[PDB]
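K.L.:
Can you keep this structure in mind? I'll have questions shortly.
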Amino acid sequence: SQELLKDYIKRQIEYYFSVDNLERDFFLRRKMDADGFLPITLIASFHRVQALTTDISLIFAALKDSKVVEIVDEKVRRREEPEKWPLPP
């Protein structure tokens with residue numbers, strides 16, 4: 001089973017995309033495209049996600065379970081007003 005693991009991964013990534021985090025997370029914001037999207041494999045590299053798993057299908061399945069984020073292809077963004085967050089690299 002991976003259901004509980006998927007829940008821990010979902011809540012960890014939803015933290016990165018919370019307003020509280022985004023107001024100070026200048027690294028993540030400089031890795032966004034102008035539409036807010038980031039590579040899912042960049043999120044996978046973050047220490048608290050990588051501690052839980054290196055299984056990319058599990059990470060995608062965790063994110064399909066989220067009302068906070070939106071996946072398109074290989075990228076993920078905050079669903080609400082994502083264009084407000086990108087910063088210059």
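Here, A, B, ... name the chains of the structure tokens in the order displayed, residue numbers run from 1 inside each chain, and ligands are numbered from 1 in the same displayed order.
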With DSSP run on the backbone, what are the strand (DSSP E or B) residues within region 1-78 of chain A? I'd like them as a PyMOL selection string.
P.N.:
chain A and resi 38-39+69-72+75-78
K.L.:
If we count only C-alpha atoms and set the cut-off at 12 Å, which residues sit around residue 53 (chain A), ignoring sequence neighbours fewer than 3 positions away in its own chain? Please answer as a list in words.
P.N.:
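After dropping sequence-adjacent residues, the list is residues 2, 5, 6, 7, 8, 9, 10, 12, 43, 44, 45, 46, 47, 48, 49, 50, 56, 57, 58, 59, 60 and 62 of chain A.
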K.L.:
Name the residues in contact with residue 83 (chain A) at a cut-off of 10 Å, using only C-alpha atoms, excluding same-chain residues fewer than 4 positions from it; report them as a PyMOL selection string.
P.N.:
chain A and resi 32-37+77-79+87
K.L.:
Just C-alpha atoms for this one: save the residues we selected as a PDB file, in the first residue's frame.
P.N.:
ATOM      1  CA  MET A  32       8.065  29.293 -12.174  1.00  0.00           C
ATOM      2  CA  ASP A  33       7.212  30.065 -15.764  1.00  0.00           C
ATOM      3  CA  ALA A  34       5.171  33.213 -16.318  1.00  0.00           C
ATOM      4  CA  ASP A  35       1.992  31.163 -15.923  1.00  0.00           C
ATOM      5  CA  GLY A  36       3.005  29.831 -12.489  1.00  0.00           C
ATOM      6  CA  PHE A  37       4.013  26.303 -13.615  1.00  0.00           C
ATOM      7  CA  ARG A  77       0.953  25.244 -10.400  1.00  0.00           C
ATOM      8  CA  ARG A  78      -1.192  26.806  -7.687  1.00  0.00           C
ATOM      9  CA  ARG A  79      -4.769  26.804  -8.949  1.00  0.00           C
ATOM     10  CA  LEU A  87       9.605  36.139 -10.005  1.00  0.00           C
TER      11      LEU A  87
END
K.L.:
Need the shell around residue 68 (chain A): protein/DNA/RNA residues with any atom at most 12 Å away, counting only C-alpha atoms. Skip same-chain ones fewer than 3 positions apart. Format as a VMD selection string?
P.N.:
chain A and resid 10 to 19 62 to 65 71 76 to 82
K.L.:
Report the distance between CA of residue 38 (chain A) and CA of residue 75 (chain A) in Å, rounded to one decimal place.
P.N.:
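Atom-to-atom, CA of residue 38 (chain A) to CA of residue 75 (chain A), that is 5.2 Å.
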K.L.:
Looking only at helix (DSSP H, G or I) from DSSP on the backbone, list the matching residues of region 40-81 of chain A as a ChimeraX atom specification.
P.N.:
/A:40-45,47-52,56-64
